[PDB]
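I would like the atomic coordinates for the input below:
(chains A, B and C)
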Amino acid sequence: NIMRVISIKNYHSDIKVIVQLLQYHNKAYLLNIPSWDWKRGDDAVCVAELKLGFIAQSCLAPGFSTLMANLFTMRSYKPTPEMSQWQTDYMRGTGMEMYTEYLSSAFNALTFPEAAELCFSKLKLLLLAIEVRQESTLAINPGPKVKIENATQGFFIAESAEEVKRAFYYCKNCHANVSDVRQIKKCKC
Amino acid sequence: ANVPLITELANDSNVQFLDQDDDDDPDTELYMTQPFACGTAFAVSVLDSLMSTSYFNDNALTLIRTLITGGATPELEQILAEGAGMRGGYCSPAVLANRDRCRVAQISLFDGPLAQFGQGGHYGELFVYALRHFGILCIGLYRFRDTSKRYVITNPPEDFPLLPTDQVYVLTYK
Amino acid sequence: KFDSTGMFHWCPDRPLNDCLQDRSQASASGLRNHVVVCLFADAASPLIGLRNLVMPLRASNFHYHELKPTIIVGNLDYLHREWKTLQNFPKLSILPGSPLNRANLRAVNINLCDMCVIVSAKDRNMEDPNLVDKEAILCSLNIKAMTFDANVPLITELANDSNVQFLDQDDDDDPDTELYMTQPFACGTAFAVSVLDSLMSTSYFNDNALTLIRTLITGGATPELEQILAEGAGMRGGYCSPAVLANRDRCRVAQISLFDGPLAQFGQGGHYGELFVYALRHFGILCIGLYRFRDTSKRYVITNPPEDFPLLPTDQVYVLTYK
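Residues are numbered from 1 along each chain as shown, chains lettered A, B, ... in the order given. The relevant structure is shown in the block below.
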């Protein structure tokens, strides 16, 4: 599978490639290829890292394996009248998936806790992380020391991508007292 | 009998055979089955579905690893490639500052300061009170089946009731 | 000191534990200007016959201090079989473990090296046609990518010819292009086993061809050795008479640069013909061909150019010395 990538990357250098490996240690042999650039879209999915990794997190907090499995994968929401209460609410959760988008200007010079309050209360969305600049890096639920700069990528969990657009279209002065959250979709603040 | 269990399964349809109270059809899909909601089962076929997610969302596979492995940096990949193994050293105060990061953990509402909400509060009130005072982020609930299996709820609405014997997935910073 | 024939250097029947090393002992020994052999094999694999690699390196033409020490890297259970041939040679150093562990390489010092060989010994051409030299290709890439406080001499045994595609970075070549016109085969970083089948033709047409090749390659493989090695006793010792030791004074292949020395006068802007005549008269040296830099650190080959041919300062020449 590494040899296959070599031939692919030999034919055309600037191409997106994703690979399944089995052992974790074999990831190093991809770094030995010169045209390999993780910065520009190339990825590597280890089986062993993720397989036991989900299982490991269940030891710390049980059932997290399912939360994550249902989060990232695609699941069909379909509440039928034959189902019970516990089965119906579970299905609602599976539909919620990972989505990323830039934030509005209102979040500038605020903390992550202060940011998420506005997201959960008004916009009715959850936040996990922000892409912090530096060689940029990801950071899950940082402390109040770190602040938000302009054009930072948010990390959301929600029903669909259409609802996440409400993060981009937002203002403190204009979109203050709005009851129905579906009304918020104005560019000219 | 009341034991925490989890099993690596190659074939998905073998999930049928685990539990006693199978109130499910054989034609039913994997994710809607009882034990996969409780977390007693886990399929290897989930890793093939992650290949799709890595293609569509570029910053997906990164987010997963940061939640799962704890702190698997690319430095370790280069160090483990050498063949010497996990190098020791007790480190400086600058390097030891990196340990202060988030971790996944579970909190119950039987005891503690959050138990006030457990009698008959809401998820929204729990969320805001957690985030301001403590600096805690809640992801989802982990309820009892009826009123010792426990189904999962990932990110419920604001107006959602909370029983005393409930459990919540949490991202702490300590 | 020497063989019964007086053509190669000799040593007593050592056990394997004398020449064995750990990583610390390899690093502690200040090795520089040496040969490395990345050997890929299992315990239950067929013998290559590494004697034929080492034997020509230990010719009687070279003095004892001039000999380049070899450092084989591979599996023990394999090398235990081949030790019965290799035991009677000076300056060996078998290191256990696979040649993909960078700790094994960094202890051996590929950093300071004359030539790092890569040889496979597994059951090849059995399952797949194109994924044969995957271990050989990965190893070459591994060493090129590895850095320390890239410019490394390498050479690889390849079963399949089309696998030459995968080696270099700057592949300005079509897949349809034939083997010999490709970049790395001109530089000498690659080598095919299929060349041995083409030698069958040459031996048929020219009768005195295969003889000429062996005399250039092996150093001095006489038919006496074939009869002596057939007995089963192995390489017989003996320090020899002055009559037998006179046989060591013979030709050897070697490379000369035109950066320093008396021939550097031609390097500024001379010609190959002037170099040839001045070499042959005064010194008693015969030049075969040039080995230039690619542009103005790969180096292409020129076998016997014309008289009116320019010479750069940073050039190298293949030579047949007599000393």
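
how many other residues sit next to residue B:37?
Using other C-beta atoms under 10 Å in any protein chain shown, residue B:37 has 25 other residues around it. (Each C-beta comes from the backbone N, C-alpha and C, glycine too.)

What residues does it make contact with?
A:66, A:90, B:31, B:151-152 (C-beta atoms under 8 Å, 6 or more residues apart in numbering or on different chains).

Kindly confirm my reading that it forms part of a helix.
Yes: Residue B:37 sits within a helix when classified using DSSP: H, G, I helix; E, B strand; the rest coil.

just the helices in the chain please.
By default, I'm working from chain A. A:2-11, A:27-31, A:47-60, A:64-72, A:85-95, A:112-118, A:161-168 (DSSP state H).

oops, I was thinking of chain B
Using DSSP H, helices in chain B cover B:34-38, B:46-56, B:61-68, B:74-82, B:93-96, B:115-118, B:123-129.

With distance to residue A:26 as new columns, can these be given to me in TSV?
Converted to TSV, the helices of chain B look like this (distance: least, C-beta to C-beta, whole Å):
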stretch	distance to residue A:26
helix B:34-38	30
helix B:46-56	15
helix B:61-68	16
helix B:74-82	10
helix B:93-96	28
helix B:115-118	48
helix B:123-129	42
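
just those helices: most buried one?
Highest mean neighbour count of the helices of chain B: helix B:34-38, a mean of 23 (counted as mean count of other C-beta atoms under 10 Å in any protein chain shown).

Alpha carbons only: can I get it in PDB?
Only the C-alpha atoms of helix B:34-38 are listed here, as PDB (Å, rounded to 0.1, in the frame of the first residue of the first chain):
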ATOM      1  CA  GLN B  34     -29.600  -2.300  21.400                       C
ATOM      2  CA  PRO B  35     -26.000  -3.200  22.300                       C
ATOM      3  CA  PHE B  36     -24.400  -0.800  19.900                       C
ATOM      4  CA  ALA B  37     -26.300   2.000  21.600                       C
ATOM      5  CA  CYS B  38     -25.200   0.800  25.000                       C
END
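
Contact partners for residue B:23?
residue B:34.

And residue A:72, by the same measure?
A:97-98, B:49-50, B:53, B:60, B:64.

Can I get the residues you listed in JSON lines including distance to residue B:42?
Putting the contacts of residue A:72 into JSON lines (distance: C-beta to C-beta, whole Å) gives the following:
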{"residue": "A:97", "distance to residue B:42": "19"}
{"residue": "A:98", "distance to residue B:42": "20"}
{"residue": "B:49", "distance to residue B:42": "13"}
{"residue": "B:50", "distance to residue B:42": "14"}
{"residue": "B:53", "distance to residue B:42": "17"}
{"residue": "B:60", "distance to residue B:42": "20"}
{"residue": "B:64", "distance to residue B:42": "15"}
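
got a markdown table for those, with distance to chain C too?
Compiled in a markdown table, those are given as follows (distance: C-beta to the nearest C-beta, whole Å):
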| residue | distance to chain C |
| --- | --- |
| A:97 | 38 |
| A:98 | 33 |
| B:49 | 27 |
| B:50 | 26 |
| B:53 | 29 |
| B:60 | 28 |
| B:64 | 27 |
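
Pick the one among these closest to residue A:163.
Checking these against residue A:163 by C-beta to C-beta gives residue A:97 as the nearest, at 11.1 Å.

Tell me who's in contact with the nearest residue to that closest one once chain neighbours are set aside.
Ranked by C-beta to C-beta, 6 or more residues apart in numbering or on different chains and with sequence neighbours excluded, the top spatial neighbour of residue A:97 is residue A:71, at 6.5 Å. With contacts defined as C-beta under 8 Å, 6+ apart, the neighbours of residue A:71 are A:96-98, A:157, B:154.

Who's the closest spatial neighbour of residue 125, skipping the chain neighbours?
Just going to use chain A. Counting by C-beta to C-beta, 6+ apart, residue A:125 lies nearest to residue A:119, which is 4.9 Å off, once chain neighbours are set aside.

wrong one, chain B
Nearest non-adjacent residue to residue B:125, counting by C-beta to C-beta, 6+ apart: residue B:117, 6.1 Å away.

My read is that the one you found contacts residue B:109, right?
Yes: the pair residue B:117 and residue B:109 qualifies as a contact (C-beta atoms under 8 Å) at a distance of 6.6 Å.

who touches both of those two?
If you check residue B:117 and residue B:109 against C-beta under 8 Å, 6+ apart, the residues they both contact are residue B:162.

Quick one: neighbours of residue A:171, just the number.
14.

OK, contacts around it?
By C-beta under 8 Å, 6+ apart, the neighbours of residue A:171 are A:104-106, A:189.

returning to what we had before: got JSON lines for the contacts of residue A:71, with neighbour count too?
JSON lines is the format used below for the contacts of residue A:71 (neighbours: other C-beta atoms under 10 Å in any protein chain shown):
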{"residue": "A:96", "neighbour count": "22"}
{"residue": "A:97", "neighbour count": "20"}
{"residue": "A:98", "neighbour count": "20"}
{"residue": "A:157", "neighbour count": "19"}
{"residue": "B:154", "neighbour count": "23"}
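
of all those, which two lie farthest apart?
A:98 and B:154 (11.1 Å).

For whichever residue of chain B sits closest to chain C, which residues are in contact?
Nearest residue of chain B to chain C, counting by C-beta to the nearest C-beta: residue B:83, 3.6 Å away. For residue B:83, the contacting residues are C:101-104, by C-beta under 8 Å, 6+ apart.

Tell me how far residue A:184 lies from chain C.
To chain C, residue A:184 is 51 Å away according to C-beta to the nearest C-beta, to the nearest Å.

give the contact list for that residue.
A:123, A:166, A:169-170, A:175, A:178.

Narrow those residues to those that are buried.
Using 16 or more other C-beta atoms under 10 Å in any protein chain shown as the burial test, the contacts of residue A:184 include A:123, A:166, A:170, A:175 as buried.

Let me have the residues you listed in TSV, adding distance to chain C as columns.
Converted to TSV, those look like this (distance: C-beta to the nearest C-beta, whole Å):
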residue	distance to chain C
A:123	47
A:166	46
A:170	47
A:175	52
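
Let me see the ranges of the strands in chain B.
B:7-9, B:41-43, B:103-108, B:137-141, B:153-154, B:167-172 (DSSP state E).

so which of these is the most packed in?
strand B:153-154 (a mean of 24).

Surely residue B:80 is in contact with residue A:31?
No: when contacts are counted by C-beta under 8 Å, residue B:80 is not listed as touching residue A:31 (11.5 Å).

Count the residues that sit near the nearest residue to residue B:118 once chain neighbours are set aside.
Nearest non-adjacent residue to residue B:118, counting by C-beta to C-beta, 6+ apart: residue B:109, 3.7 Å away. A total of 21 residues lie near residue B:109 under the criterion other C-beta under 10 Å.

cool, residue B:146 as well?
Neighbours of residue B:146 using other C-beta under 10 Å come to 8.

Next, work out how far apart it and residue B:55 are.
Going from residue B:146 to residue B:55 by C-beta to C-beta, to the nearest Å gives 40 Å.

quick one on the thing from earlier: anything in contact with each of residue A:98 and residue B:154?
Contacts common to residue A:98 and residue B:154, judged by C-beta under 8 Å, 6+ apart, are A:71, A:157.

give the contact list for residue 19.
Using chain A. Contacts of residue A:19 by C-beta under 8 Å, 6+ apart are A:1-2, A:5, A:30, A:43-45.

To clarify, I was referring to chain B.
B:34-35, B:40.

same check, this time on residue A:29
A:2, C:138, C:141-142.

Residue A:112 too?
Counting by C-beta under 8 Å, 6+ apart, the residues that residue A:112 touches are A:127, A:130, A:141-144, A:146, A:148.

Which one of the residues you listed is nearest to chain B?
Nearest to chain B among those, with distances taken as C-beta to the nearest C-beta, is residue A:141, at 4.8 Å.

So what does that closest one look like in phi/psi?
The phi and psi values for residue A:141, taken as degrees, to the nearest 10, are phi 50, psi 70.

same deal with the one 3 residues further on?
Dihedral angles of residue A:144 (phi, psi; degrees, to the nearest 10) stand at phi -70, psi -10.
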